[PDB]
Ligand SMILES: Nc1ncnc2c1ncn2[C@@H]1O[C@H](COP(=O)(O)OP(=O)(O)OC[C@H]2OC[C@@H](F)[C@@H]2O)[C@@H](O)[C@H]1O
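This document starts with one chain, in the form solved without this ligand, laid out as structure tokens.
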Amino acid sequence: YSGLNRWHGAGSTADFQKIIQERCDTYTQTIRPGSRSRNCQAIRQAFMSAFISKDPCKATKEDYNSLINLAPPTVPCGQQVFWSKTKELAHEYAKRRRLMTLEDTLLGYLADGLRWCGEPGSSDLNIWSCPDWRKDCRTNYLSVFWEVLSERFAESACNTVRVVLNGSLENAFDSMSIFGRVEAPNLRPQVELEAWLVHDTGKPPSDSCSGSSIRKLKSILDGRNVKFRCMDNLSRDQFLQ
């Protein structure tokens, strides 16, 4: 645990820079071409500039101001999908219904599933290791990116929003998740949130709308003046149907 290899987390996604420029081209040309052209070279440059050659445990939200202003994670009213511990299911649901998760916005699509960090006084990505959230530091560029992006995504929500939660976990709602700490607490009043608790096929559900973790969610939303409807006791096929 010295030099570039000093961190406890996996190193940066190998080939990160090429991956994000490839993804930007796919997004802007093939998947969700926009009203005006975007320059993917410039977006990639802004992404790199946010974190390259800096202390990987001193990341702040402000470091991403330029990048986020370039491509705010905006979704039409009524079409946003939040999710927690249901990644595969939530994205299948959104695809079928023509809705948008955070990973369907430009920046979310770029970064989905990747890791990155730099090193002070170096222009290269650190492929040896990167800060682990728990074992090294929470103020790292990967963690901070998702916090900032998710907050903008939440603030942006209007009309009815849906959250896909895991009915096969003890607690479907985790107050310390990004959804619980950053997204739910930043929904605007008059938003209406519908929560779906979906359990594994062939298995009995483990948490429900009347359980303790959902009471915590209900309390957040009450504070924000957000109407809440909770649906549970269903599996993947019924949910997707």
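For every residue, the number given is its place in the sequence shown, counted from 1.
FYI, the form deposited with this ligand bound isn't displayed, but the following is about it.
Pick from 207-215, 170-178, 51-59, 35-43: which stretch has non-hydrogen atoms within 4.5 Å of this ligand in the deposited bound form? Within 4.5 Å of the partner lies stretch 170-178.
Complete contact of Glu103, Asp112 and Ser150 with this ligand in the deposited bound form (any heavy atom, 4.5 Å): So, yes: the whole triplet contacts this ligand.
Even though this ligand is not shown here, does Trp128 get within 4.5 Å of it in the deposited bound form, heavy atoms only? Result no; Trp128 lies far from this ligand in the deposited bound form.
Is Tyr93 part of the interface with this ligand in the deposited bound form - any heavy atom within 4.5 Å? Output for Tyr93 is no: heavy atoms all beyond 4.5 Å of this ligand.
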